[PDB]
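Since the structure comes first, as C-alpha cells, the remarks are kept for the end.
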Amino acid sequence: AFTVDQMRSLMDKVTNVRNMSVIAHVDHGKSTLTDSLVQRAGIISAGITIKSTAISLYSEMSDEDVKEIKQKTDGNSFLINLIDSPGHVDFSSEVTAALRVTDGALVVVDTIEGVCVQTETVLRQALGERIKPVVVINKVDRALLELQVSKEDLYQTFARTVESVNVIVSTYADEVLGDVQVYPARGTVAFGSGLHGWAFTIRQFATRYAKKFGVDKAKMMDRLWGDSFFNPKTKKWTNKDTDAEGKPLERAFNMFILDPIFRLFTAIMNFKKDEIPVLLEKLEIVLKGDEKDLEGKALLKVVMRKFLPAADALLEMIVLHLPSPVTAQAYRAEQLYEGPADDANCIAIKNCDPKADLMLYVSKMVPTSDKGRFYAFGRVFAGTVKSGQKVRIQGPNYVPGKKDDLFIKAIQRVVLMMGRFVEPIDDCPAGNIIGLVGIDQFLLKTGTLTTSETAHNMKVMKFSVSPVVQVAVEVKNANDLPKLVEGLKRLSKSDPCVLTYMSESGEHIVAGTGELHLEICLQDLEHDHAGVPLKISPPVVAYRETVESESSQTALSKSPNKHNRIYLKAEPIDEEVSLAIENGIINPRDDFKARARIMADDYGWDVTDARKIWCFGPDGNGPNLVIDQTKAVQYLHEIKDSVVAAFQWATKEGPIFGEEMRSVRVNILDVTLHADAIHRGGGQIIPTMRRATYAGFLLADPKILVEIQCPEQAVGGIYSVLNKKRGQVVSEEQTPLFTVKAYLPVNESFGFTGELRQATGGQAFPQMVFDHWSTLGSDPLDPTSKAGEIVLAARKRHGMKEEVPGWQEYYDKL
Amino acid sequence: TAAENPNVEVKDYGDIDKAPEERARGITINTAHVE
Ligand SMILES: Nc1nc2c(ncn2[C@@H]2O[C@H](COP(=O)(O)OP(=O)(O)NP(=O)(O)O)[C@@H](O)[C@H]2O)c(=O)[nH]1
C-alpha cells in the first residue's frame, strides 16, 4: 500500500521499472499465477471503477542480487506493471496493441501439454514487438501427484519444453537483439505450481548450496543444470553420466534440487511422521503454532511455501532478466516511429527523453463506468503528459501536411490505470504506462498524441485475424432500430477485430474473426451495447440478372393505351466492357464521341451504336446499356426520357426474381407512337419500355480470392476442401509459409473457416474478398437446376409466385 | 507483492475470471489487467 507520492517517486526511477505481461494458452494457469503475484507484491493506494487493465507490483532485491542485474539500476526497489492482454489469439491487432506497451513477457507453459499453438501465437507476436521472454513451466504438481512421473522423465519433459520454446524464439527474434533464447542455468526458466505457492530458479539453489559446497554460486548454478554430475564416491564434478567403471551417475539437478523436493512430497503425503521432522530440520524449515499439527497436502502446501515462496521465483526473473524502457526504446525507436530516423521525435524516443516534445501512443480505449465514457490507455514514449495540457490528437490517417484525423484539445486528466481503478495524477514522464481521460470522441482504438507540429504518427505477429464470419442483425421491434444502430457503433469501438456495415440489400452486417468471436460480439451487442432483442440470420447473397445471347426474336410490347409499341432485342455485353464501365474506363458522363471511339476501336463496338447509347443502368451508371437503332421515328426525342426512366427501372429490378441486371445490352429496333402526345406520355411509354425490356431479356437465354497462408504438409487439406465447394485454385507461391489463392463461390463460404481448420489440422488461415461475378450456366427458370433452386428460394422468401413469368407474359402479339 | 507494498490491490482468482461467460465455461475469455 503506497501513497500517490510514493508511487510518483517510484515512477521517477524508470531504470527500476518493468513493463510486462503474462503469455499463456487457455487453462495453463495465467490467472492463478497473477493472483499469486498480486497477493505477494500487489500495490494498493494508501467511486469510479474501471475494467482492470493493468496491475502494479512492488519488489525489493538484496544488495547482492541487484549487482547481478545486467542493466542500469538505481537502488533496490522495483515497480512492475503487469499489463493485461486479451485472450483472443488469432494474431489479432488488439493483442499486438497490448504487447506494444510492454518490454518483457512471462510465458507460461504447461508441464504436460507443453507449448501449444496459442502459446506460440502470442509469443510470436511478442517477439515481433522485440519483447524479451522468460518462461515458467507450470502445473508441475500434476506430474508428481497424478502421473507419478520419475525425476529423469520430469527432467526430459522440462528440457523438451524449453527446446520447443527456443525454436520459436530463434525463428522470430530479431538478430540485432542477440541471443534472446531461454536457459534454465541462466535463471530465465522457473518451474512450479501456480495453484499450490512455490517455485524456484537454479540461482536460488546455487545461493543455498554455494556457501555449503565451498564454491561460488556462478560455478554452482552452472553445475545445477544440464550434464553436470557429482560422484559421491570420487567427490568430484564431471560432465560424464557414468563413472570409470561405467556405472550410471545421477545428474546434479536431480540429485540436489529434485530429490529434496521429492523426498518432502513422499514423506508428507505418506504420513511418515518420524521422517518428516528430520527432513524439515535438515532443510531448515520451521513449523510454528498450529502448523505443527497439519498433515498431508495441508502440511505440504505450508511446508513448500516456506521452503520456496512462487511469487519469489517469478519476481526474480522479472527484475533480473526482463528489460526496463530506456534499454528497449533505444532499439525499438525506428519501428515504433513512422517518421525520419534522424527526426527530433525519433531521437527523443530512442533516448526516452522526458523533456522533448510529446510522443504518446494510444494502445486502446478502455470501458469505464463513467456513463459511456472510454479512457485512452497508452504509453509515453517521449516528453511528459500533463493534466490540462494542450496536445495534438492524430488518428490512424493523420499526415503532418494534411489536417486529416487531427484534433487539438486539452487533456482533461492523467490517471494511473491500476486494475479496475484509476488515480488522477498531474503528470507522467517518458517510459511509463498511463491513462488519459477526455480523448474518447477524438480517438477510437489506436492513435498518437504529440506536442510537436512536425511530429509524425507511430505501428503489429503464426488465430484468424480476418472478419470471415458474418451475419445479418435486426431488431425484433421496429422501434428499437435507433438503439441497434447506436449499439453497433459502441461495439465497433470496443473491438478492433469486429466489423459492421450495411449490405447491398439493406441489412446491418456484423462480422467476426471466427464463429466464437462473432458469438461474443452478438451477445455483447444484444445484451449491453444495444440492449434490445435482436434477430440473427444469414447473410443473404446478392445476384445479378443477365442474358447469354441475343433475343431469339424481336421483343414486342404495347402501352396500356394499346396505341404505342416498342420493338427491341437484348444481347450480352462483354465482361471486359462491363468491367470497364464498373471501373472507370467507360463512363456515363464522358463525351459521347471520345467514349464511342474507345468502345469501337478498343472494344470492338460499332461506333454508331456506341455514339448512340441512350443511358447506362441502373442508377444511370450501371453496366447495362440502351442503344438506339431506330431509323425514322418522328417523335423519338419526346419519348427518350420515358425510355431511359423505364430502363433504370428494368435494370434495377430484373424479371427473374428482382435482382439487378448486369451485362445486358438492349437495342431499340423500332417504335410506333400515336400522333398526339397525350397518349405517348410517360405513363404510357415507361410501362411499354419496361415491359419490352423484360421480354427481350427473357427471350435472350436468361441467366443469373481467398488467400490462405499455411505450412506445406497442410496445403493438401486446402485443395481437399475447395474441391468439395466448387472452388478453384489460382496460385501457389511462397522461407516462411505457403500462400494458396483461389476462387470460392460466396454461397459456399458459410462454415468454410471451420472445414478448413478441420482439414489442415488448424494450420491454415483464410482471407476472403469479393472478386467477380460469375455466370451460372443452369436455367434460372428450372426450379431444380442450381440457378433455379436459388431463384425459387428467393421468390418464396419474398412472397412472390413460385413460377417465374416467361417471356410470353410480356410479349404483345401484333 | 502486496505484502511488500500496501499500494498494491490484491486480486483473487475469481476477481480476474469474473465475467459471467468465464464462469460458465470455466476458462478465461477476456484479457484482464492487474497492477
Ligand atoms: N496442482 C496445481 N494446480 C494448479 C496450480 N496452479 C494452478 N492450478 C490449477 O489448475 C487449474 C487452472 O488454473 P488457471 O489459473 O485457471 O489456468 P489458466 O491457465 O489461467 N486458464 P485458461 O488457459 O483458461 O486461461 C486450476 O484448477 C488451478 O487450481 C499449481 O501450482 N498446482
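Within segment A:756-766, restricting attention to residues that are surrounded by 16 or more Cβ atoms within 10 Å (Cβ to Cβ) and out of contact with any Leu (no Cβ under 8 Å at 6 or more places or on another chain), the residue that is farthest from residue A:703 (Cα to Cα) is A:763.
Residues are listed down the side, and each one gets a yes or a no for (1) within 19 Å of residue A:316 (Cβ to Cβ); (2) within 9 Å of chain B (Cβ to nearest Cβ); (3) surrounded by fewer than 19 Cβ atoms within 10 Å (Cβ to Cβ):
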| position | (1), (2), (3) |
| --- | --- |
| A:11 | no, no, no |
| A:18 | yes, no, no |
| A:25 | no, no, no |
| A:28 | no, no, no |
| A:47 | no, no, yes |
| A:76 | yes, no, yes |
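Here chain B is the region considered, the condition is being among the small types (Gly, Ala, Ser) and at the interface with chain A (Cβ under 7 Å from one of its Cβ atoms), and the residue that is surrounded by the most Cβ atoms within 10 Å (Cβ to Cβ) is B:32. Of all residues in segment A:634-687, exactly one satisfies the criterion of being basic (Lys, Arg) and touching a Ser or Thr at 6+ places or on another chain (Cβ under 6 Å), namely A:662. Where in segment A:1-95 are there strands (runs of 3 or more DSSP E), lying wholly inside it, with at least 3 residues that are within 16 Å of the ligand (Cβ to nearest atom) and of a type outside the set (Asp, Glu)? In segment A:1-95, A:17-24 are the strands (runs of 3 or more DSSP E) which contain 3 or more residues that are within 16 Å of the ligand (Cβ to nearest atom) and of a type outside the set (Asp, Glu).
Restricting segment B:13-35 to residues that are assigned to a loop (DSSP other than H, G, I, E, B) and closer than 15 Å to residue A:82 by Cα, the residue that is farthest from the ligand (Cβ to nearest atom) is B:35.
Residue A:72 passes all but one of (1) out of contact with any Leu (no Cβ under 6 Å at 6 or more places or on another chain); (2) at negative phi; (3) within 12 Å of another protein chain (Cβ to nearest Cβ); which number fails? Here residue A:72 meets the rest and fails (3).
Which pairs have Cβ atoms under 8 Å, sit 6 or more apart or on different chains, and link a residue in segment A:145-165 that is closer than 17 Å to residue A:265 by Cα and of a type in the set (A, V, I, L, M, F, W, C) to one that is assigned to a helix (DSSP H, G or I) and away from the ligand (no atom under 16 Å from the Cβ)? These pairs meet every condition: A:154/A:258. With the structure loaded, tell me whether residue A:732 is among the acidic types (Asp, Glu), surrounded by fewer than 16 Cβ atoms within 10 Å (Cβ to Cβ) and out of contact with any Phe, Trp or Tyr (no Cβ under 7 Å at 6 or more places or on another chain) or whether it fails that test. It is false that residue A:732 is among the acidic types (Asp, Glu), surrounded by fewer than 16 Cβ atoms within 10 Å (Cβ to Cβ) and out of contact with any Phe, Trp or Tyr (no Cβ under 7 Å at 6 or more places or on another chain). Mind checking whether some residue in segment A:400-417 is small (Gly, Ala, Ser) and touching a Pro at 6+ places or on another chain (Cβ under 9 Å)? No, segment A:400-417 contains no residue that is small (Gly, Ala, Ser) and touching a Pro at 6+ places or on another chain (Cβ under 9 Å). Just one of the listed residues (A:488, A:518, A:556) is assigned by CATH to the domain that holds residue A:660 and crowded, with 20+ Cβ neighbours inside 10 Å, namely A:556. Please indicate, with yes or no, whether at least one residue in segment A:132-144 is more than 15 Å from the ligand (Cβ to nearest atom) and either under 19 Å from the mean Cα position of the chain (by Cα) or surrounded by 23 or more Cβ atoms within 10 Å (Cβ to Cβ) (or both). Scanning segment A:132-144, I find at least one residue that is more than 15 Å from the ligand (Cβ to nearest atom) and either under 19 Å from the mean Cα position of the chain (by Cα) or surrounded by 23 or more Cβ atoms within 10 Å (Cβ to Cβ) (or both), so the answer is yes. Residue A:55 passes every criterion in (1) closer than 17 Å to residue A:425 by Cα; (2) surrounded by fewer than 23 Cβ atoms within 10 Å (Cβ to Cβ); (3) within 12 Å of another protein chain (Cβ to nearest Cβ) apart from (2). Scanning segment A:145-190 for residues that are charged (D, E, K, R) and away from the ligand (no atom under 16 Å from the Cβ) returns A:151, A:152, A:153, A:160, A:163, A:174, A:175, A:179, A:186. Of all residues in segment A:582-640, those being buried (at least 19 other Cβ atoms within 10 Å of the Cβ), under 22 Å from residue A:669 (Cα atoms) and aliphatic (A, V, I, L, M) number 8.
For residues in segment A:191-218 being over 16 Å from residue A:107 (Cα atoms) and among the polar types (S, T, N, Q), which is nearest to the ligand (Cβ to nearest atom)? Only one residue tops the list, namely A:204.
Cβ sites come from the backbone with ideal geometry, for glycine too, and all protein chains shown count toward neighbours. What is reported rests on the model, the rules as stated and the sources as named; nothing here is a laboratory result.
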